[PDB]
Amino acid sequence: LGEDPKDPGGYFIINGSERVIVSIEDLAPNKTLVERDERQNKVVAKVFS
Amino acid sequence: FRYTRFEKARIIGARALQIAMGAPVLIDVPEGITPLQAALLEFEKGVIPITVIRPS
Amino acid sequence: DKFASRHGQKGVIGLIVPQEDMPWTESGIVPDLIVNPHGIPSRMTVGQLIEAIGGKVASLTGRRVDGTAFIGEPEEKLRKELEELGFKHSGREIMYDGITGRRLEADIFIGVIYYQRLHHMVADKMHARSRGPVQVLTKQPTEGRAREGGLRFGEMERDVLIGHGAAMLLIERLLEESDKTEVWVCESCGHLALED
Amino acid sequence: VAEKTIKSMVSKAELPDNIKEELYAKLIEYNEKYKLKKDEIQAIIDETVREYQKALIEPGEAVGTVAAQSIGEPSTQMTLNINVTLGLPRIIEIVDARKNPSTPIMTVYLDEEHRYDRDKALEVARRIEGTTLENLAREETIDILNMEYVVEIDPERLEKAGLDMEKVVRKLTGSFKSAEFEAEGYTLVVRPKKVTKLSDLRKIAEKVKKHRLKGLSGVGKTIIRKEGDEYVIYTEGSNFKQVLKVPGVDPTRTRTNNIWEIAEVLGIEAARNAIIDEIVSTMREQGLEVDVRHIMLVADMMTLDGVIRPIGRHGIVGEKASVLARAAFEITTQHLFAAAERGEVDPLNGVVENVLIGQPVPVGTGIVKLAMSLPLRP
Amino acid sequence: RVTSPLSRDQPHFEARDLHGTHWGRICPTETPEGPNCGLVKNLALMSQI
Amino acid sequence: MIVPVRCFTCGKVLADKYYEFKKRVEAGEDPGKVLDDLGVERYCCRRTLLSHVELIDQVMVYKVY
Amino acid sequence: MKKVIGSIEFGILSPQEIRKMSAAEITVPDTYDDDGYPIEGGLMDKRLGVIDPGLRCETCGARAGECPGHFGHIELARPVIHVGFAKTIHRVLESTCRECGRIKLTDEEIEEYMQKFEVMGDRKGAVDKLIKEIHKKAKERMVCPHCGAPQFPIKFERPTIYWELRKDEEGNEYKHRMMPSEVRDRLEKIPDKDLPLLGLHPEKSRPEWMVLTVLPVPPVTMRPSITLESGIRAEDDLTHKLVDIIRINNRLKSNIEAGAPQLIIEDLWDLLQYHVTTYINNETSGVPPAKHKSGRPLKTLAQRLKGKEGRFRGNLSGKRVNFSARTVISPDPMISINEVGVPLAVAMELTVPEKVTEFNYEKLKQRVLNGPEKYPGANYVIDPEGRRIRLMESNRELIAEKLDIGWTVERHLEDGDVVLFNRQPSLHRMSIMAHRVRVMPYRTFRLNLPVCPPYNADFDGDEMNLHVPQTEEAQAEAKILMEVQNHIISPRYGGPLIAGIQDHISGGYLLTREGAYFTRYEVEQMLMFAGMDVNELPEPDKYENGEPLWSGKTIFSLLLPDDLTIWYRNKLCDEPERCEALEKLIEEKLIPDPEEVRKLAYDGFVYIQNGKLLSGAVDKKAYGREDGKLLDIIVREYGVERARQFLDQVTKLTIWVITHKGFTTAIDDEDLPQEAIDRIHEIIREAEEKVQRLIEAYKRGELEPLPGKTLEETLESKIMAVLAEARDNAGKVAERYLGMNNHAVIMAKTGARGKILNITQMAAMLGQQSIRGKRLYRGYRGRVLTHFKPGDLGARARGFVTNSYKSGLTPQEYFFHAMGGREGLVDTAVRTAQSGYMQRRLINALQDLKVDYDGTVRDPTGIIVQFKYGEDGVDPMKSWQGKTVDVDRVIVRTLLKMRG
Amino acid sequence: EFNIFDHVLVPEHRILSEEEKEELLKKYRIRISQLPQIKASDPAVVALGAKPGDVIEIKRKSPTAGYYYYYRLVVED
Amino acid sequence: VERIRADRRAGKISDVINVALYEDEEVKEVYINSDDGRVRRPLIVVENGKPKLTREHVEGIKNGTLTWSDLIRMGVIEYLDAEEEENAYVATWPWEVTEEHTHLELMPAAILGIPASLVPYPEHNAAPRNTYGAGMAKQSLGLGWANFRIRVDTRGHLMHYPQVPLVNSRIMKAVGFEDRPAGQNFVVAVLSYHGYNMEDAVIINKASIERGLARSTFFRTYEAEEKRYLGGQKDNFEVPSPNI
Ligand SMILES: [Mg+2]
Ligand SMILES: [Zn+2]
Ligand SMILES: [Zn+2]
Ligand SMILES: [Zn+2]
């Protein structure tokens, strides 16, 4: 089929050009993370729902 | 009296511009040099006619 | 042309030296590459020397040398087999100068190092523009090398030209060579006059 | 050669005052070593005069641009990260004229009665040091049976603050007339006059902690070092006005990192000197040598109007007379619109405006004027 | 390849630097240079998702 | 993808003895002795023979015309 | 004749001026029809200019590429508040009465403010302060001093919404929206005499012009339209914004003419105001930016003017230039510091325009007769009248026969031509210098090695640019001012910048070290290689095996001038007794005998007497960057040309020495005996025992807090100090067990390349890995890695690497070193941007400072920044180690000159 | 009390007379608005008892020239 | 937590579930994670100082009777995320296991990435040097793909005689770099030669270059489309006439 046997795959071909989706290191969804802002002198907790 | 680097550069540039469009050389030439080299030899021979106006 | 080792040692080719001018060892080996000794200890690259020793050992014995992290062949073992192969432990070899023909006073460290050619070749990186196409908006040279663009004289270049005190050079660079033009100005109000 | 002849020759030499005395001292030192003759001394003076004439800077040099480049170039190779926050952030803070620098540190010098013994240095440091009872406190506990703070403090910390607990009470009896303060051994107990709500308890408990028992406001850490057989106190925070008038602190050598405090206390000239000294010290700490002339020019430009100004859009560039100079660097839209509102006229006497237009810049060869005699006869 | 949503021009001292939890999950050495340093990482050889 | 004709260091011909060397290697013999009996003594020629990998057979399968 | 722009006067464009400057009226919100022709009355009208080559402009009759473009005007149905002046408008709305129109100040106050304005001068800060004070004083007055009418507070809502706080008959306070028509009517009542009090020009900045009634549509040239590869025209963002503005204005006009109710008119007015606000500035706060149909936000005039990619920075302050090349650089020690290696392909492309004169007529005629495909040749010929002709094969001889005096020939780059050589980033003025063209048939640039430290350029794929000046004035300026040899001394610190590095230092040490002797053939070969004018060999120092031998100091002495004498100490000083003896011997006699000096000569004390290197070894202290005393003295006392010749000769000589004597590094350079390894292991055990004892003392509570510090960071600092002492001891042991015969030790000690710590790290230990100035702590809870127990504060568990590079690191230690290296790389990658921003800020703050002819530094306004530059009028470049005049050096040199 | 001129960071300050001010203006060919400014609320100014409109002559320690003479103009805040 | 771990090791529940226990003096919590995006690593379970992986399992793996998923099924090797590993005590080497150790590292060299494993002996090099070597491993030229000739990549490079390095990590054989090499082995001698190798530069042999060493070919692909416009107009593939 004209394909290299050593090619791992795992990418997309859009308009004849190979496209790879780089993974994204994001925060844990629906998880509350707590930290303290030294400049603001406050305790802040954030959740990305 | 001494010539500053900026004054010397301005004098050489003016002399080269004059030589490029006229102003025959006051000294001998090596038959093939650029007008900048002609101005350089004119300065080295101490024959330049261009003076520098200084505030006073 | 950019050539790089596997240990971060990179550089361009400085000279294409003929084989007759290159030095050779007592065993009859002419190096395919010559690197400066100043770069090895400044960057703390001992893995390159270990790889050279391992490559020489692998070439002499015929068995590939394992270079895996933390489980690779020990350096001292490699020096031991290099000694058993008839060569110096340190990998240094007695070399003769290719021009004078005399023996070098220092034993030169020569070994097999995996060097890879990079895609930053000088053929695709040389750009030279005298005059050509200009942008339709700013009447300035185009961008890049594919469309015969110019070279950018940025703000820093202008600043260092000012610091050099070269007023006419700056005028020639920024104005007389990039977007020189003539306009008509009205002296009464300062507006741009129209020429029909 | 007699010393009088050497002095007369040095005075007759066309040299600056600082060069004259140094040259005379060196000639005196070398005269006994090698028995210099009069002609040798005259030749030495002539060579010194020629070297001074050669060392003079030619007119038209772009000293501001050269100074900016010579200051910014070592910053590309500086090292990032007590608490002196030196390096590139220190230089950035200095050139930006920060009102409150990060981790302010003041250098305190003592008089002859406190710089030779450790006890007086420690006592004057504790006089400078601003110690609050919250730092002296060890455990925090708010009860309900008396509904007020019962403060218990460790004695060891009280061994360093150099004051008794009862006198500590005297620091809040007068200050807080709405509450009664009682001392029970090593425990501090407060009593309420008319308090019945929890809201006002939280509006008055923190006022005791924020109150300062002794020292100066804004003073944190305090250390004492031995330099040149002298005791030098280094503190955290800038309280120059309240630390200059201290009974035991020498006020002729005290300095602080806050250049604004020096400007408001010691004058704008001392502020410029402190800016120069701080930049020189920051450059020397990183091992990068920068000529002091560039720093001096930068500090002179910063303090041109009698106040400390930054180098950004709110400082030297902000008060630039040229519209195009201000617009090219920062806040282009609002600067141009404000110039249109004011009807400002740009004389184009600067360098960047002539660069933008296409006229020769007024620096270097752009300032050279030439004259020509037309009848050239080779 | 793994990227991060953080801006490249931002100095992220606590985020660009290597973490102790990257052992066996993120390659400790293979990172790009310039503004992409730290924010762009590569999966370790033993990393499993 | 194919074995070089000459050694990169001294120009000694090695493509003639490469296939014999590869065949003897696949038989289980020590490649050092195989190089020794084939006259490959200098380690530069040994470098050229050992480090080369054949890949032309995987390129011929993709016809271009 | 010719005229130049003496000054620029700014102001606000009046509607009458916009109408007069407009060559057309725009009413059709379209650009092109189906066939592609412009629509009459549209934005792409030929009256505003032409971009397509076929079309011809209606206003001026010129074709594309030469028509400057003409503005147009749009008559808005209702006035629209200009956003850029909007806040300023509010200030005027807080300063003038709503009925009389005069300012809210008394006549005496007005007169006093006029005297204050006249007195202060032209400083901008004082004017802004006075304007703010006047506005603050006038905004708090609710009664007009001239008319007595009551005033109401005005609330400004971003960006162009004005609210007036009015009171009803019942006393209720409400907000009335001030329409732009009402605002313009109020602004029209302000007389010209009150405008200077508001900071507005009476004849240039009338407040009523701050509300836009006529919109100036830009010319076609300034917003060009292009045709894509698919045949579909790609309109500009400004064109789309103007299309939307015209459509909304036409709808508003139609609704007004139709008698639409007030709800319609104010809604369309708000839409038009938003469109005009986005057209002036699409990044205005409080409004949504205008977006394309694809979701891409547009950039309008404000974004075109501001920003890094804006016109001011990306097109005016810095722009792309012609006659420039850029490619990779490769080393070339065989050329001088004044020369640059220009490729033949680059040389045949970049052309120098040379006018035909009476002395270069034959050379330029030969250049024309060679053609563009033959070197040396020419590419273009310009006649005196001014027509440029490209040289092809057909007209190559015809143009050559037609060449005369006054013609210009764009000849190829020849040897000796002056060109600029710049490497980016240009942090200092020494980042570009004018070199001489050397044409070689290869592809890459070639630059001499001593010029690399000024450029901060190595040869690991570095890219460098070259600029060819065209005018004679520019060439002369480059040749005189920015020549390479004229910038040997760095003005930043007054020390040598163009200096020998690496192999130059190593070869100098190898040549000038004790016991270094060379044969007659070697001496002749190095003399020929260095290009020295040594006609006859000097007397040999000694004879070995019947053949003559020359000391390397004798060969080095030929480089120095015959009247040079200087003594100092270098970095190779480890026995101060010999240096002290040499200093004492020099101090007594002041002309010591060369035999006496050679009896007690030491490599650690460099002494040159009358140009003869009697003692000392060459290192970075001789002619290295920021340290070379000999090069610094040579530049200052013998000029720059002699210094350049000396630098070239010494670099070639040291390269010859290091090439044929043999310089190399191997794996045994870092090798240590078993005793050194045992000592290092003992130091390791002692350090770990001390760290464990400190941890136990902290746990048991007997550890003493530092003054002002608690237990944690005190213990951390103690552990770090112990590890630092252990590292220092290991480095001292490694230095003790590594002699001077080691080439790596030679490079480290001489200052050529590397440091002593680099050899220590490859031989003894890696030390402690630290992040942000403290020990490694980021990781799991209580530990960095899971291979250690939680809560462990030991050295091995916190980043202290015990083994070196030669012994190999453990995987945990490898990870710790990876964290350290990542921290370092991030530190540089963060520091570069901040340093560049600070450099730009400093440059823009100090761009206009210049020393005048009287020695004073003044701003363009005229304020004397400094009455004398540096308080002494001395260039830092010409200063001696930051001092005005080195009296010691001058006295010593003059005394030696008179004694000799 | 504590004199502000005793500090090592504070250079010497003196009051220029009208004749000396005119000489200073003549020497550098500059107007009174082209001099460096010093605020009237500056502690050195209030120590000297100066008023706006005068010129303060500053003798400063010079790291490169020993002693340097700067000139400032007193202006209102 | 112990019951969940035992059930996961017994194969009753899926290996995706990871359990961790946080036991502080103030708060105590148990976390169970079974979602996406969790990067985990395989670790050999060690009980009573003895790893679960025995020689029989290795023999079965080598013989092909046992697979990796089989080893995961019996709980000999388990995947640990960052949360669970907080409760784990990993041993770097099989000879360093103790009674208190809870896990054994499979391959310490596997903590590096795919390009980072190309560097031979990375522990003997500086960290910035290793980073540069890993970054430049992707910029090398070689026979990356066997179907490069039929590919239509806009830019590509080919090494005429690519060579597998003589000093290579064992992972590179498993990764596939040995089958697709991207460089050559160079006989390098460390020596100063006329100053032309100065400042990171290198000196190459003319005869070596002429013999085909490091020879490369660069392919560039151009595309042309006969696009159709509105009204039936379209491009034509023909030699243009000089009159146009
Ligand atoms: Mg580089
Ligand atoms: Zn060979
Ligand atoms: Zn027109
Ligand atoms: Zn009124």
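Just so it is clear, the values below take in all heavy atoms, side chains as well, and ignore hydrogens, waters and symmetry mates. A note on names: the letters A, B, ... follow the listed sequences, proteins ahead of strands, and every chain is numbered from 1. Just so you know, ligand 1 is whichever comes first in the structure, and atom 1 is the first atom listed for that ligand.
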Three-point angle G:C57:SG, the Zn ion (ligand 3), G:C67:SG, rounded to the nearest 10°: 110°
Of G:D236, G:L301, G:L48, which meets side-chain contact (heavy atoms from CB on, under 4.5 Å) against G:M222? G:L301
Closer than 2.8 Å to the Zn ion (ligand 2), which protein N, O or S atoms? F:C7 SG, F:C10 SG, F:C44 SG, F:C45 SG
With I:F186 as partner, the option from C:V112, C:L33, C:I34 fulfilling side-chain contact (heavy atoms from CB on, under 4.5 Å) is C:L33
Just wondering, more than 12 heavy atoms not from C:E182 lying within 6.0 Å of its CD? no
In terms of the angle between their ring planes, are G:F156 and G:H90 parallel, tilted or perpendicular, with boundaries placed at 30° and 60°? parallel
Opening angle between SG in G:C144 and SG in G:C97, taken at the Zn ion (ligand 4), to 10 degrees: 120°
Within 45° cone and under 6.0 Å: G:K155 NZ/CZ vs G:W163 ring: no
All heavy atoms of C:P31 vs all of C:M95, minimum pair found to be CD-CE, 3.8 Å
Kindly give the heavy-atom pair with the smallest separation between C:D179 and G:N315, and that separation in Å. OD2-O, 4.4 Å
Angle subtended at the Zn ion (ligand 3) by SG of G:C60 and NE2 of G:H70, nearest 10°: 120°
